[PDB]
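# Overview (structure and organization)
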Amino acid sequence: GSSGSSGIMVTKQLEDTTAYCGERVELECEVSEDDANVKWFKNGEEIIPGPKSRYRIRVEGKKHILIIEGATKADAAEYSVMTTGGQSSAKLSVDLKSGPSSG
């Protein structure tokens, strides 16, 4: 049943994501272990979610989902994850919706 290398390996590597300003960004990924606890880092910095945070790390089976509430020109950064035995990186580019936002 559950027989895999000691550490954890990122089966599915993050993929470049292009969202708009204020939009909601969602980074999905998969690992070797289940209900694991990956570490999401923004441009090398360690993210710290919570009841009063912007980033919300969700765990679903053997896949993680890093959602970002309000993706501004600042949110657009290289998001890299770190596990017990794996690491990944992605590029998030934020675009400012063109045209008058009406109707």
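Residues numbered from 1 in each chain as written, not as in the entry; some residues may be left out. Heavy atoms only, no water.

What the entry reports as its method is solution NMR.

A full pass over the atoms with the stated rule returns 1 aromatic pair. Centroid distance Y55 to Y79: 6.2 Å. Interplanar angle 55 degrees. Geometry classified as tilted. Separated by 24 residues along the polypeptide, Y55 in strand β5 (residues 55–60) and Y79 in strand β7 (residues 78–83) bring together distant segments of the chain. The exposure class of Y55 is buried, given its relative accessible area of 14%. (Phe/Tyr/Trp six-rings, centres within 6.5 Å; stacked < 30°, edge-to-face > 60°. Helix = DSSP H or I, 4+ residues; strand = E, 2+ residues; numbered from the N terminus. Buried < 20%, exposed > 50% of the residue type's maximum accessible area, 1.4 Å probe, protein only.)

Further remarks concern the pairing of strand β8 (residues 86–95). Side-chain alternation along β8 places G86, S88, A90, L92 and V94 on a buried face and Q87, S89, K91, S93 and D95 on a face that remains uncovered. One ladder, built from 4 bridges, connects strand β1 (residues 17–20) with β8; its direction is parallel. Following the sheet pairing, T17 is matched in β8 by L92. Bridge analysis of β7 against β8 gives 6 bridges, and the strand direction is antiparallel. The partner of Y79 across the bridge, within β8, is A90. Linking β7 to β8, which pair antiparallel, is a turn of 2 residues. (Pairing = 2+ DSSP bridges.)

Turning to its location among the elements, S53 is positioned in the loop between β4 (45–46) and β5. Remark: the alpha-carbon pair of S53 and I68, spanning 15 residues in sequence, is separated by 9.7 Å. Only 3.3 Å separates the side chain of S53 from the backbone oxygen of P49, close enough to count as a polar contact. Looking at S53, its side chain comes within polar contact range of the main-chain nitrogen of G50, at 3.3 Å. (Polar contact = N/O pair within 3.5 Å; in protein donor to acceptor, adjacent residues only side chain to side chain.)

A few words now on the environment of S89. Tracing the sequence through the fold places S89 in strand β8. In this structure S89 comes out as partly exposed when scored by relative accessible area, which is 38%. A C-alpha to C-alpha distance of 20 Å links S89 and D34, two positions 55 residues apart in sequence. Once residues within four sequence positions are removed from consideration, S89 is found in contact with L14, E78, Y79 and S80. One polar contact links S89 to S80, side chain to side chain, over a distance of 3.0 Å. (Contact = heavy atoms within 4.5 Å.)

Time to look at the nonpolar core. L14, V25, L27, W40, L66 and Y79 are the most contacted members of the largest nonpolar core, which has 22 residues in total. Going through the elements one at a time, β2 (23–30), β6 (63–71), β7 and β8 are the ones with two or more residues in this core. With sequence-adjacent residues up to four places away left out, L14 is seen in contact with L27, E28, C29, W40, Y79, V81, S88, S89 and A90. (Core = buried A, V, L, I, M, F, W, Y, C linked by side-chain atoms within 4.5 Å.)

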